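Colleague:
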Ligand SMILES: C=CC[C@]1(C(C)C)C(=O)NC(=O)N(Cc2ccc(OC)cc2)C1=O
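In structure tokens:
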């Protein structure tokens, strides 16, 4: 019953400062424009110890499967090759991505009927709000 309140199919309903987050990450102009238009669905499931997070959009479809605390390699939607570790910290999924001596952290938390995604690169935060599909 690890992550029960996260499981399901979620749709993006609002975003703030995502262009600036992507700039801070190093995403180029054309990818920022197309990625910024997307309205992804996030599909989260659990089977034993394995959590799967899929994102489906008109930009890119991605999927990661992982065990909490256990590093894995990830190719991100913007085509970075990163090493990722996801943990549960006080009920928040905390996803750290490392590449090229850089780091970004993505936090996913349940707040009311929303799943709130906070993405941080250095001093820049973007907040993306999802609702059940
Ligand atoms: C539904 C997924 C969740 C999440 C979130 C940002 C981590 C999101 O809400 N929206 C997305 O587009 N992506 C994809 C993404 C990630 C990084 C990019 O450039 C740095 C560009 C596009 C995601 O991975």
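Residue numbers (the working numbering): -8 to 124. Note that CB positions come from ideal geometry on N, CA and C, so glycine has one too.
Should residue 4 go down as buried or exposed, given a rule of 16 or more other Cβ atoms within 10 Å for buried?
Modeller: Working through the chain shown from its first residue, we reach residue 4 at position 13. The residue is exposed, with fewer than 16 neighbouring Cβ atoms inside 10 Å.
Colleague: Give the straight-line distance between the Cα atoms of residue 118 and residue 86, rounded to the nearest whole angstrom.
Modeller: Walking along the chain shown from the start, residue 118 turns up at place 127. Walking along the chain shown from the start, residue 86 turns up at place 95. Spanning the two alpha carbons is a distance of roughly 15 Å.
Colleague: Please list the segments of the beta strand (DSSP E) lying wholly inside the region 60 to 118, counting only runs of 3 or more residues, in order along the chain.
Modeller: If we require 3 residues or more, the beta strand (DSSP E) runs fully inside the region 60 to 118 come out as 63 to 66, 72 to 80, 83 to 90, 93 to 102, 105 to 112.
Colleague: Please confirm if the region 9 to 20 is in contact with the region 40 to 54, defined as three or more CB-CB distances below 8 Å between the two stretches.
Modeller: Contact fails: fewer than three Cβ-Cβ distances are below 8 Å.
Colleague: Under 6 Å, CB to any heavy atom of ligand 1. Which residues pass, going along the chain?
Modeller: Output, sorted by chain position: 13, 16, 18, 26, 29, 31, 33, 46, 67, 68, 69, 97, 108, 110, 119.
Colleague: Which stretch, first to last residue, makes up the beta strand (DSSP E) that contains residue 43?
Modeller: The residue you call residue 43 lines up with position 52 of the chain shown. Its beta strand (DSSP E) spans residues 41 to 47.
Colleague: Among residues of its own chain, excluding the 5 on either side of residue 110, which ones have a beta-carbon nearer than 6 Å to its beta-carbon?
Modeller: Indexing the chain shown from 1 puts residue 110 at position 119. So the list reads 12, 97, 117, once near-sequence residues are dropped.
Colleague: Determine the DSSP secondary structure at residue 57, reduced to helix, strand or coil.
Modeller: Reading the chain shown from its first residue, position 66 is the one you call residue 57. Note: residue 57 maps to strand in three-state DSSP.
Colleague: On the DSSP bridge assignment, give the partners of residue -1 in chain order.
Modeller: For the purposes of this step, residue -1 is taken as the residue at position 8 of the chain shown. 35.
Colleague: State the DSSP-derived secondary structure class of residue 16, mapped to helix, strand or coil.
Modeller: Reading the chain shown from its first residue, position 25 is the one you call residue 16. Residue 16 falls in the helix class under three-state DSSP.
Colleague: Just to confirm, are residue 25 and residue 69 a CB contact at a threshold of 7 Å?
Modeller: What you label residue 25 is simply residue 34 of the chain shown in a count that begins at 1. What you label residue 69 is simply residue 78 of the chain shown in a count that begins at 1. In this structure, residue 69 does not lie closer than 7 Å to residue 25 by Cβ.
Colleague: Under 8 Å by Cβ, that's how I've got residue 74 and residue 90 pegged, so tell me the actual separation to the nearest angstrom.
Modeller: Position 83 of the chain shown, counted from the first residue, corresponds to residue 74. Position 99 of the chain shown, counted from the first residue, corresponds to residue 90. That belief holds up - the Cβ atoms of residue 74 and residue 90 are roughly 7 Å apart, short of 8 Å.
Colleague: Please return the same chain residues whose Cβ sits closer than 7 Å to the Cβ of residue 36, not counting the five positions on each side in sequence.
Modeller: On the chain shown, position 45 is the one that residue 36 refers to. Same-chain partners within the cutoff: -2, 43.
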